[PDB]
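Written out below as structure tokens is the structure these notes cover.
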Amino acid sequence: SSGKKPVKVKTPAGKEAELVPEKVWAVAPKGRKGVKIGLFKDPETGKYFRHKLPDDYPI
DNA sequence: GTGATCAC
DNA sequence: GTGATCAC
């Protein structure tokens, strides 16, 4: 699904930013919690990167 | 090792 | 076809 709320992330360029992820999803093996991942675009570079989402971010 | 995703 | 994202 696509994100709605902004997320506090560290961009690849090394800066803190508040970005809305274009896609969010859960990545987890059987039996374990795994992690929530967002796909973000660095507005400074236009480069795409992934980053952990807060555990309560809605998928 | 195992899980999903997609820009490259 | 995979880098890179994390937690357990």
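Hydrogens, waters and symmetry mates are skipped; everything else that's a heavy atom, side chains included, is used. The chains referred to below are lettered A, B, ... by the order of the sequence lines, with proteins before strands, and numbering in each begins at 1.
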For residues 13-24 of chain A, which side-chain donor-acceptor pairs fall under 3.5 Å, sequence neighbours excluded?
residue	atom	partner	partner atom	Å
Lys15(A)	NZ	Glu44(A)	OE2	3.2
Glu16(A)	OE1	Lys8(A)	NZ	3.0
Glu22(A)	OE1	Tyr48(A)	OH	3.1

Interface limits on DNA chain C, where chain A has a heavy atom under 4.0 Å of a nucleotide atom: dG3(C) to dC8(C)
Six-membered ring stacking of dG3(C) and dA4(C), under 5.5 Å, under 30°: yes
Side-chain polar contacts of residues 50-59 of chain A - donor-acceptor pairs under 3.5 angstrom, sequence neighbours left out - could you list them?
residue	atom	partner	partner atom	Å
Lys52(A)	NZ	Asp55(A)	OD1	2.7
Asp55(A)	OD2	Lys33(A)	NZ	3.3
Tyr57(A)	OH	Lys4(A)	N	3.2
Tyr57(A)	OH	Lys5(A)	N	3.3
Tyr57(A)	OH	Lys5(A)	O	2.7

Outcome for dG3(C) when its sugar is typed by the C1'-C2'-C3'-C4' torsion: south
Stacking status for step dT5(B)-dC6(B) (5.5 Å, 30° cutoffs): yes
For DNA chain B, the residues among residues 40-59 of chain A that have a non-hydrogen atom under 4.0 Å from it: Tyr48(A), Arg50(A)
Proximity to DNA chain B (any heavy atom under 4.0 Å), residues of residues 11-28 of chain A only: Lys23(A), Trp25(A), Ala26(A), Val27(A), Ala28(A)
ring-ring contact (aromatic ring centres under 6.0 Å, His included): pairs with one or both residues in residues 9-40 of chain A, sequence neighbours excluded: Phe40(A)-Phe49(A)
